Amino acid sequence: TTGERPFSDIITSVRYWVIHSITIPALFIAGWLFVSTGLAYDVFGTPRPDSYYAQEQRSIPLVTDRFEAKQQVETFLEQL
Amino acid sequence: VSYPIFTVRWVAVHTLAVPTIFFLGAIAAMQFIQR
Amino acid sequence: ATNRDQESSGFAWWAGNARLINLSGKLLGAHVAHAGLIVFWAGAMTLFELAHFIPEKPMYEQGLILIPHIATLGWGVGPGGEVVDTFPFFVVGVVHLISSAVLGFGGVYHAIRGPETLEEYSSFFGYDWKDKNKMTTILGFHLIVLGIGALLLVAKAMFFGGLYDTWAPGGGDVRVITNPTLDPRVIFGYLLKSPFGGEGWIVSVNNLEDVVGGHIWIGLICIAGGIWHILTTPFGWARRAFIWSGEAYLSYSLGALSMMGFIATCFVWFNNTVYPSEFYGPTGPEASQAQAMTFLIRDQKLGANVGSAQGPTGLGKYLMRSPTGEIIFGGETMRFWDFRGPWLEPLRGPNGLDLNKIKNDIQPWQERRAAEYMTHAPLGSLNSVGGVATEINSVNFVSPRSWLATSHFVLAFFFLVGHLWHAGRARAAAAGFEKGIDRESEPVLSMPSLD
Amino acid sequence: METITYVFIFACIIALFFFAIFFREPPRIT
Amino acid sequence: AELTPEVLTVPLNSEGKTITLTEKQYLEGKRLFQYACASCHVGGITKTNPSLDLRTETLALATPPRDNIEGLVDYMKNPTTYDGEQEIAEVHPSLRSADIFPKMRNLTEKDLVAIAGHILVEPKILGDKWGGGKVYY
Amino acid sequence: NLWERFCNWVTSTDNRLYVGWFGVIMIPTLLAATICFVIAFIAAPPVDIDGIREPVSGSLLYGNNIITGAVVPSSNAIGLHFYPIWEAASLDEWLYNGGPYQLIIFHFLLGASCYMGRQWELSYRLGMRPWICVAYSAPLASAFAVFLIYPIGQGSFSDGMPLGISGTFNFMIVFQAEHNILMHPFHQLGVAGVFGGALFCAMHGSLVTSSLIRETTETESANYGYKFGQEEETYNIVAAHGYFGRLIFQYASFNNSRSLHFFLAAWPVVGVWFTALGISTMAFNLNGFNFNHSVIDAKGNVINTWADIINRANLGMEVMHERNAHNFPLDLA
Amino acid sequence: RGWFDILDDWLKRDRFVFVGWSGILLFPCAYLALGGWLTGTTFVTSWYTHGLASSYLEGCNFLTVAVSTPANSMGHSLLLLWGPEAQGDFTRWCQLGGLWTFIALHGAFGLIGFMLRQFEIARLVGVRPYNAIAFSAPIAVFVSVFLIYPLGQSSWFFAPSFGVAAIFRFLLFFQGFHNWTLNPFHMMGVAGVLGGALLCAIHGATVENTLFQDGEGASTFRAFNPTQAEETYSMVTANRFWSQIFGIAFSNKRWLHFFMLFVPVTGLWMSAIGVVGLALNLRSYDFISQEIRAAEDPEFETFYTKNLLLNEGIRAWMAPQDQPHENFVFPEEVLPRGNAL
Ligand code: CLA
Ligand code: CLA
Ligand code: CLA
Ligand code: CLA
Ligand code: CLA
Ligand SMILES: CCCCCCCCCCCCCCCC(=O)OC[C@H](COP(=O)(O)OC[C@@H](O)CO)OC(=O)CCCCCCCCCCCCCCC
Ligand SMILES: CC1=C(/C=C/C(C)=C/C=C/C(C)=C/C=C/C=C(C)/C=C/C=C(C)/C=C/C2=C(C)CCCC2(C)C)C(C)(C)CCC1
Ligand SMILES: CC1=C(/C=C/C(C)=C/C=C/C(C)=C/C=C/C=C(C)/C=C/C=C(C)/C=C/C2=C(C)CCCC2(C)C)C(C)(C)CCC1
Ligand SMILES: CC1=C(/C=C/C(C)=C/C=C/C(C)=C/C=C/C=C(C)/C=C/C=C(C)/C=C/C2=C(C)CCCC2(C)C)C(C)(C)CCC1
Ligand code: OEX
Ligand SMILES: [Cl-]
Ligand SMILES: [Cl-]
Ligand SMILES: [Fe+2]
């Protein structure tokens, strides 16, 4: 009742599924490869399971300065 | 008939749905990560 | 499609089973198919439990709720609850699975293929909910069937191998019950006991002789009531007291089932006789008493005098007095001093726990049992992490007593809600205002003002 | 002194309950 | 941090000889510890006797010392008190009391070595959490 | 016949407050519970709740205000034992061991169950549909969970909720310590029920108030535009539907008033049913989710989550609650 | 006719999703707040700000994921991506908690956009704007809790993190440190929320059980037509029912629905006032008379004193891990414990 095609008319049509049987698996595989190639760790800075601590440390790397925080995180990452 | 395709509704639906399917693929891949 | 839409039936799809109220054949199909579902779950769940069963590990550590029921009947277990043969479990599972196939065939046949109404096909199988004689006759048939089932439990206990007895001399063992308590004083004194602490009503039945005698009484009473309702019509007071309709009978059964669900919750939580701790794990009271016993044993081995040891508040650290004078375990487990278990009763004298038998007569099997029951208390998380809520993730344990009690409290409460729903609706439909207030004849408009 | 105040306020609330139930404006159906 | 072979290197005997566990051996030891011991030894503490625990220092001061693989395997075969003056197999699980502790029936020598290795490796991983109780949760 | 006249009076709809047979049970039990509650809240002596001879004062005369005052639950030494007045040797002993709590909660639970039955009964006498009592079953289930089912599962009426404000807060905090109720899905469904109930209450009220038909002038209150017993609807349902359908989209808005009011009934009632069931299922110690030490790094170090912070708070509550009552390492009940 | 008027015509066009002028503020800000939360809970850690894992990528589930607040050393920094902390680096911005301030600021402006949408749609449709007035209470809650409370405190660190278990931590923090249950403004908030839920349930059940029979269907939902003029339920019958059950009853439908507006909105506003007080640590922590009595009399115990002991336990056992910037080292002997346990 607003000049748009009904959703039931769209999702029951064959052209919709011709498009979306391509697009929906492509996006799902794109997200899968975004995680499984390890790119998400690089983009968001999230540690891998071997990257939380150094080999013989138990201290959590915590940011303690405001305007040198970027350098402090870089120093944390240099210590592996 | 003669319905359009690329409306405001289309844009809203896809701005919600495209990242949703991408994120679902990402989390499904996360389920197979070992320590 | 007969009565299969809202226009002809008056009921929407979400109340679609209410379309079956006056279709006796399809209603019979729904019931038989649902019975097939119940038997299917029994068989399939038994086979699932058996496929993952490790016989040396205790049953209550393995998330089992159906194998303990078979083991309590004496099938497949030896002394101390040790599993000696898993084949009876397999037989029970597969016979239920095959019987569920038969019941599913019958339910499907009567639901979609058989006659929609049974009244034209047979006066015997046809019924009308308003015919009170036919309703009492069907109730009588089912009462006779239930009485036969109770006598089947009696027959298992007395002739076909016996039942597991956790109170048997020398640990729990499979025992044939040869002298069931037929005295009506004992049986109906269980019926008249208080439900509160120290009394426990029928949950407190603590020997298999009382259980078997009670089932003898239950079977005979059910068979006699079945014959009574086959041969007799409802009296005038019964005819004036009840609503006589299908929804009304459903609501009566819903209230009865809600009460039975609450009782089963209390039975599995407190009773360690018909739910032996060898199979279901210790009860909560049992585990608290086990912790007190364990640390009494440990500190007595270190040289402490457990009778004269004084806790932080001045009460006895290990031993104190109940409000009626009995010598009981100290600490918070003072609330659980009515607990009775076969590992604890050898230390009890006439005045409660006895200091001399505590000092000299605690056996290694009792210390083992106390430690095991202390460390398998019915406490755990929804994701099955054993222990208190502050415990870390290493122990995968929730007691089957917890699962059974919680699930059946949920079911009993929802069936009380269903009883209220259907009893109110049956009353309103009998009086004729279940669809709403008549605009022309609104009753409140004919009533005087309150003020 | 504070106990008397609490009991007084509670008793005033109960009296208000009485008047709101039994001496209400009658709902006059029009 | 990773599960390096230096982490998985533990004393074998009291003399000073050491062994290096594989990651499969360590994970099987953790699984068997959770199967047979964790109900009373979760986190390295003892539920039914909290004054003793599975810390490496506590095992080292035991008689005979239990801070090596061979001592822990011997304890799993013949448990004693802390001073080694009395045998406690009737109340503690063991191979010699597998009839009264059924979860010890199918434990092989490799299973005992893996459990002992898990006990010795866990403090090196968890710090004061192992045997620390609820303070270190 | 005197019995026929009494039956006519009991079931009479002309009484200012309906009695009914459920009310024949309800009035004495609720009167007894109310009178004993007022007397105990003002003047009861301290109660040894934990059974360790450590009396807790909850009445106003013994040093409490409205916030801190409570009727203290009965002694842990009593447990689930029935403790009426005649079971005590004297009134001093009955007051010391928390007998008033058992009297009040038993009379209240019976009276509130009969209140539910009375709601059905009056709906039947007025020709109403009968399910207001079903809606009332949700707070009644909550009261049963905190006053009866949780003591039964834990084995003592001392673990029931105290009849006071600060006692209620003590109950909440100790419950979170022992059961981690915040991580329980049934309590989360209950929070969704009450938050959604408040949301949909504000929403329905604002949407009806927004679409009121102009019947009054600017000086008078708009409430005088409605007359009691009038036949026409006092607001434009279509205008409210048009507003709310443009606020989100057309198919998220109710155009059916009956479906909307069923939803208003159903959402908080089902949510509160689930949270009452959560309290009962945690009474049998099926606790909320335990994710302590769930996240582990490659070596094996514990990586803390917010669940570990919640666990630290729960541990603080656990080691401080009932500080003298525990003699043994595990708080098994 | 003027570009402004043509743009106004396009923005106010009837659609599946109404846009309006308020949509320019609402849809980008609301979309970015929701997308930032989903992105943070899916991919972004809290390892450098709190020492926690808080994303699905690290192994947390739906209950334990959060977009955590920035580190306490950030203070009340806006933490703009181009600001002096991140310096345009997206990875460092995520690692420093910039997603938290991103979500908080975009959510605040999205809430503004949604209330402006309520005003604009009410103006176009032709109804009174009471829905926007009712929505002022969630806005007050969000502003007091997520903005005013951390601004009164030392940093954004003590604001709630956007996550389920993180919000549970926030609740337990307010109990342990603020004694927030004792606060009368929180008590008024609880009364408003529970009374709103009660009113919702009771009004829905009352309407559904006083319906007029307007059809022959046993399911009564089809017996209502939206264009009908008559009331669908009996107000007189409902009034008599509640007058005889409860003693009092509504007799004015307009007053009933205004009361349904009034109760939860007023409750939420009272709780927001209390949260402002807690932003300044102006707590209702203790009653001085009870504490003087308990200090001088070692036999005087109430439930309030027991709650104070519980708060001491919460603070001492929670603070070293909940506030890692303080570098709290509480030895085992200083931790307050009861006997045993
Ligand atoms: C235990 C669950 C259960 C059972 C036994 C029934 C049974 C029945 N429902 Mg029903 N229903 C249920 C749940 C159930 N319902 C639920 C949850 C809903 C809500 C969605 C409904 C909604 C509903 C509506 C709206 C209606 C019914 C109706 C009916 C009756 C006729 C169905 C029909 O015409 O089939 C037609 C369907 C089919 C032919 C599809 C195939 C169905 C078969 C049985 C599948 C069997 C699968 C199984 C694996 C086969 C095993 C065979 C093997 C043993 C040999 C029938 C007695 C109707 C009625 O009252 O009729 C008057 C009706 O109108 N139901
Ligand atoms: C032996 C038990 C029993 C029986 C025979 C009936 C029979 C009936 N009920 Mg009833 N009811 C019961 C118990 C029972 N009820 C209980 C315990 C409650 C309380 C919750 C109710 C509440 C109730 C209401 C509120 C209503 C009925 C109605 C009806 C009638 C139509 C039902 C229908 O079509 O459902 C169709 C089935 C569905 C729509 C499916 C519902 C799905 C459920 C609620 C969720 C189950 C979740 C599951 C257990 C766990 C998760 C599974 C996972 C896959 C997600 C029918 C006469 C209706 C009526 O009055 O008609 C006259 C009606 O409106 N019932
Ligand atoms: C509650 C169960 C129940 C009930 C009341 C009925 C009732 C009926 N069925 Mg039906 N049926 C059922 C279950 C049931 N069936 C099951 C499970 C199946 C699958 C095997 C069938 C398959 C079936 C078919 C294929 C036909 C019927 C027919 C009929 C009608 C006539 C039957 C007759 O004259 O008696 C006949 C009586 C007997 C043969 C005596 C049988 C005695 C049994 C074997 C003893 C079993 C012991 C004990 C009672 C049950 C143990 C299992 C228990 C633990 C669950 C009647 C309405 C007929 C019909 O409607 O015609 C139009 C028809 O053609 N039924
Ligand atoms: C499934 C079981 C079942 C069902 C549904 C029925 C159903 C019925 N029976 Mg019945 N009956 C049964 C089994 C059953 N019977 C058995 C096994 C026997 C043999 C002992 C009898 C013997 C029997 C007789 C002798 C009579 C009935 C009658 C009736 C009818 C009226 C019932 C009535 O008002 O009682 C409702 C209950 C009462 C009025 C009792 C008062 C309520 C008290 C206060 C409840 C107290 C219990 C409380 C909940 C606590 C529980 C514990 C307690 C034991 C301490 C009804 C059709 C009557 C009839 O019309 O028959 C023709 C009749 O006279 N029955
Ligand atoms: C209309 C919707 C809207 C609104 C209200 C906001 C609002 C905000 N965003 Mg945001 N954003 C939006 C859409 C929106 N965003 C979109 C669509 C994106 C995707 C590209 C982003 C991406 C984004 C990021 C990545 C970040 C923000 C941030 C911010 C916050 C700080 C912005 C700031 O300081 O610059 C304020 C800038 C202005 C008010 C512009 C002023 C323009 C006027 C007309 C003056 C004229 C200037 C003149 C012509 C040029 C001068 C030239 C020279 C002299 C300099 C603020 C709450 C930051 C944040 O959240 O920090 C935590 C942040 O890091 N936004
Ligand atoms: C409908 C009457 C009953 C009331 C239902 C109450 C519960 C509904 C809960 C809402 C969620 C589910 C909706 C029901 C859905 C339902 O019942 O389905 C039916 C409904 C209508 O489908 P049809 O194909 O019949 O109609 C499409 C029309 O174009 C026909 O002209 O479908 C939808 O709208 C699906 C949702 C997809 C569109 C989502 C758009 C998202 C984009 C962003 C929007 C932001 C809005 C907010 C801005 C501030
Ligand atoms: C009516 C209806 C309905 C329902 C239905 C039903 C409910 C049915 C049932 C059904 C059933 C209830 C079925 C059953 C089946 C079964 C079967 C078919 C089985 C078989 C078995 C077997 C084959 C076995 C096997 C084995 C063995 C021998 C041993 C080993 C293991 C195994 C498993 C391999 C519904 C809802 C859909 C709706 C519509 C209509
Ligand atoms: C097995 C056993 C036993 C036994 C048991 C018995 C013997 C039982 C019986 C039981 C019984 C014998 C029961 C009964 C019940 C009853 C009831 C449950 C009732 C109900 C009622 C009602 C429901 C009513 C109603 C009414 C009223 C209120 C009024 C008017 C109206 C009417 C009618 C509705 C013992 C324990 C020893 C042991 C274990 C085992
Ligand atoms: C931050 C940032 C940003 C943004 C971004 C975005 C905006 C994103 C988005 C995103 C998104 C937008 C995503 C999505 C997601 C989703 C998901 C992940 C979903 C999930 C779901 C599920 C899982 C479901 C569930 C359910 C429910 C809820 C209930 C019922 C059942 C079911 C299952 C159905 C930018 C670059 C601009 C700038 C810079 C920063
Ligand atoms: O009392 Mn009231 O809270 Ca139930 O847990 Mn054991 O007991 Mn006492 O501690 Mn924790
Ligand atoms: Cl406490
Ligand atoms: Cl204790
Ligand atoms: Fe309304």
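Since chain G takes its numbers from Swiss-Prot, the residues it shows come out as 12-352.
So how was this one determined? The header says electron microscopy, 2.2 Å.
Note that Cβ sites are derived from N, Cα and C of the backbone, with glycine treated the same way.
Look at Swiss-Prot and you will find G:32-53 (among others) tagged as transmembrane segment.
Taken from Swiss-Prot, the feature topological domain 'Lumenal' applies to G:54-108 (among others).
What Swiss-Prot records for G:109-131 (among others) is transmembrane segment.
Sequence annotations record features per position, and here Swiss-Prot assigns chlorophyll a ChlzD2 binding site to G:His117 based on experimental evidence. Sequence-distant contacts of G:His117 (chlorophyll a ChlzD2 binding site), defined by Cβ-Cβ distance under 8 angstroms and a gap of at least six in the same chain, are G:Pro39, G:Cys40, G:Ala41, G:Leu43, G:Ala44, G:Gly47.
Positions annotated as pheophytin a binding site by Swiss-Prot: G:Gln129, G:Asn142. Under the DSSP three-state reduction, G:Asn142 (pheophytin a binding site) is assigned to helix.
Away from its own ends, the topological domain 'Cytoplasmic' (G:132-140) comes close to residues 23, 29, 31 of its chain (Cβ-Cβ under 8 Å, at least six residues beyond either end). Under the heading topological domain 'Cytoplasmic', Swiss-Prot lists G:132-140 (among others).
Annotated transmembrane segment per Swiss-Prot: G:141-160 (among others), in sequence order, evidence recorded as experimental evidence.
Swiss-Prot lists G:161-193 (among others) with the feature topological domain 'Lumenal'. With a cut-off of 8 Å between Cβ atoms, the residues of this chain six or more beyond the topological domain 'Lumenal' (G:161-193) that come close are 48, 51-52, 57, 60, 65, 73-88, 90, 108, 111-112, 114-115, 285, 287, 289-292, 294-297, 315, 318-319, 321-322, 324-326, 329, 333, 336.
What Swiss-Prot lists as transmembrane segment is G:194-217 (among others), and the listing cites experimental evidence.
The Cβ neighbour count for G:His197 (chlorophyll a PD2 binding site), using a 10 Å radius and every protein chain shown, is 23. According to Swiss-Prot, the feature chlorophyll a PD2 binding site maps to G:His197.
The annotation plastoquinone binding site is assigned in Swiss-Prot to G:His214, G:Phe261. When other Cβ atoms within 10 Å of the Cβ of G:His214 (plastoquinone binding site) are tallied across all protein chains shown, the result is 24. Mapped onto three states, the DSSP output places G:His214 (plastoquinone binding site) in helix.
The Fe cation binding site annotation in Swiss-Prot covers G:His214, G:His268, and the record cites experimental evidence as its basis.
Annotation comment: Swiss-Prot describes G:218-265 (among others) as topological domain 'Cytoplasmic'.
The list of residues near the transmembrane segment (G:266-288) in space but at least 6 beyond its ends in sequence, with Cβ under 8 angstroms from a Cβ of it, reads 141, 144-145, 147-149, 151-152, 154-156, 159-160, 163, 191, 194-197, 199-204, 206-207, 210-211, 214, 294. According to Swiss-Prot, the transmembrane segment annotation covers G:266-288 (among others).
The feature topological domain 'Lumenal' is assigned by Swiss-Prot to G:289-352 (among others).
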Check the Cα-Cα distances from G:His214 (plastoquinone binding site) to the binding-site residues G:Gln129, G:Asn142, G:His197, G:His268 and tell me which is shortest. G:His268
For G:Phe261 (plastoquinone binding site), which residues of its chain lie six or more apart in sequence with Cβ-Cβ distance below 8 Å? G:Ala249, G:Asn250, G:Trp253, G:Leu267, G:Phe270
Sequence-ordered list of residues in the chain of G:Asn142 (pheophytin a binding site) that lie 6 or more positions away and have a Cβ within less than 8 Å of its Cβ, or none, is G:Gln129, G:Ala133
Would you count the other C-beta atoms found within 10 angstroms of the C-beta of G:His268 (Fe cation binding site) for me? 28
Would you mind listing the long-range same-chain contacts of the transmembrane segment (G:32-53), meaning Cβ under 8 Å and 6+ residues beyond its ends? 19, 22, 65-68, 71, 76-78, 105, 110-111, 113-114, 117-118, 120-121, 123-125, 127-128, 130-131, 173-174
By Cβ distance under 8 Å, which residues at least 6 away from the ends of the transmembrane segment (G:109-131) in the same chain are close to it? 29, 31-41, 43-44, 47-48, 50-51, 55, 78-81, 88-92, 96-97, 140, 142-143, 146-147, 149-150, 153-154, 157-158, 167, 170, 172-173
According to DSSP, which kind of secondary structure is G:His117 (chlorophyll a ChlzD2 binding site) found in, if we only use helix, strand and coil? helix
Number of helical, extended and coil residues in the topological domain 'Lumenal' (G:289-352), per DSSP: 37 helix, 0 strand, 27 coil
Kindly report the helix/strand/coil residue split of the topological domain 'Lumenal' (G:54-108) according to DSSP, in that order. 13 helix, 4 strand, 38 coil
Helix-strand-coil residue split for the topological domain 'Lumenal' (G:161-193), DSSP-based: 24 helix, 2 strand, 7 coil
Per DSSP, G:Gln129 (pheophytin a binding site) is which: helix, strand or coil? helix
Taking DSSP three-state, what's G:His268 (Fe cation binding site) in: helix, strand or coil? helix
Between the Cα atoms of G:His197 (chlorophyll a PD2 binding site) and G:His268 (Fe cation binding site), what distance do you get, rounded to the nearest Å? 24
Any of the binding-site residues G:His117, G:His197, G:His214, G:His268 with a C-beta atom under 6 A from ligand 1? Give them in order, or none. none
